[PDB]
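Encoded as structure tokens, the following chain is the form deposited in one PDB entry, with no partner shown.
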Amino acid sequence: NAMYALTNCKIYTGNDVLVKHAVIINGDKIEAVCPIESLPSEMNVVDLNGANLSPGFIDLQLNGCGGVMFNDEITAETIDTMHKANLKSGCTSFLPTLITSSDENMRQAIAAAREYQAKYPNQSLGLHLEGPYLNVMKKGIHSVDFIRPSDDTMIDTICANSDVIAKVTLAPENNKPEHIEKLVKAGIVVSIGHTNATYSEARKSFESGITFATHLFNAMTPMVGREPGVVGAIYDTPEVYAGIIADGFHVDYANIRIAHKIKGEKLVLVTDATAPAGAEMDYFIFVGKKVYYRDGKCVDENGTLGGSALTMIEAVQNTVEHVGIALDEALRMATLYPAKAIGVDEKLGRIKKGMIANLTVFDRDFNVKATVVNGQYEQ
């Protein structure tokens, strides 16, 4: 009801890092960012014991965590629980992402998202539909049964539900360009991924409307001498964002800093996280298979990487600590960049007046201490 100021902290506003300043938050909104010694006399205050204050992290790829997987329990309540799981690692907003499955599976996630975001804003900001219209040669874990080409019907559906769908990942090389443009028209972000595309194919795709790559280096045509492939295409195109899993397992760290020099503010940190993340587990079911959690990594019984358990705060940390990217910039790859990429950046991603109070607080050891969501404080 009354305002409160966060206080005693290094503030990463996204344009500046400020010492001896504070943020007054008013309801669900930030009111000012100003020098500590300007706060009104008996303004309520929260001492952050000198920790770091950034906007809450935005994950654009998250299959589930907190011990759940959106694909099994495709319900509004699964979303809810992942949301709270996120919060324990400073992630305040995300795309409940649903991997390649039945048309009917698709129809209910549409509902699940619709139900949730009627109830709560700025948390799940739309679905990420990853598949099914992919390429079998770059299938990953995505069942050889539900991968298909794009039919007119189910795109028509996706478009009619654009108001709850944020992003689709698809493999352009053999689906209608119509379908890409249609989704873009509909205000949906179309991402290339899981694709055996040629450089020139991806380029066409971009030109039809694709503006995002999902998990760069994962299930894509690698860049080779005579064939730039998809990673080539992405490097060569200024307007396309690329998500990247920085967990030391999916892509090699060197590849991430090379990627960051090329792509700068178009590189986005992504978890592609799975059940284990934010939880404690022995194993789980990634549509079908048993994925053991073995001290940080996901692994099918051979020890072959199974999936991701990355947390958003870990992603930032690793970027700073292994990739060599400065903290402020790494923060941005977890916040401003994804916001921009899904066009929510007018209200999230930045600590500035008028914007939504979705902040995160963490210590120098990359421990998330607390979380403010829509103005709500929580530890």
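The first residue of the shown sequence is 1; numbering continues from there. Here, rigid core means the biggest group of C-alpha atoms that superpose within 1.5 Å across both forms.
Taking the mean C-alpha B-factor of each stretch as recorded, 316-324 and 347-355 are not equal, and the higher mean is that of 347-355.
Taking only CA atoms, the mean B-factor in the PDB entry is higher for 280-288 than for the other of 280-288 and 109-117. The maximum CA B-factor among the listed residues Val270, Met137, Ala213, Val168, taken from the PDB record, is found at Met137. Per the deposited coordinates, the residue with the largest Cα temperature factor out of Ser191, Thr195, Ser205, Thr304 is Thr304. Compared with the other modelled residues of the chain, the Cα B-factor recorded for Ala341 ranks in the lowest third. In the PDB entry, a CA B factor belonging to the lowest third of its chain's modelled residues is recorded for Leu62. Per the PDB record, residue ranking by Cα B-factor puts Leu98 in the middle third of the chain. Ranked against the other modelled residues of its chain, the C-alpha B-factor of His128 as given in the entry falls in the middle third.
For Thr157, the recorded CA temperature factor ranks within the lowest third of the chain's modelled residues.
There is also a form deposited in another entry; it is not shown, and the following applies to it.
Shift analysis on the rigid core between the shown form and the other one singles out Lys290 from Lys290, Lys185, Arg114, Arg148 (C-alpha displacement of 2 Å or more). Remark: with the core as the superposition reference, the CA shift of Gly225 between the shown form and the other one stays below 2 Å. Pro132: CA moves less than 2 Å between the shown form and the other one after rigid-core fitting. Once the cores line up, the CA of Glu301 ends up 2 angstroms or more apart between the shown form and the other one.
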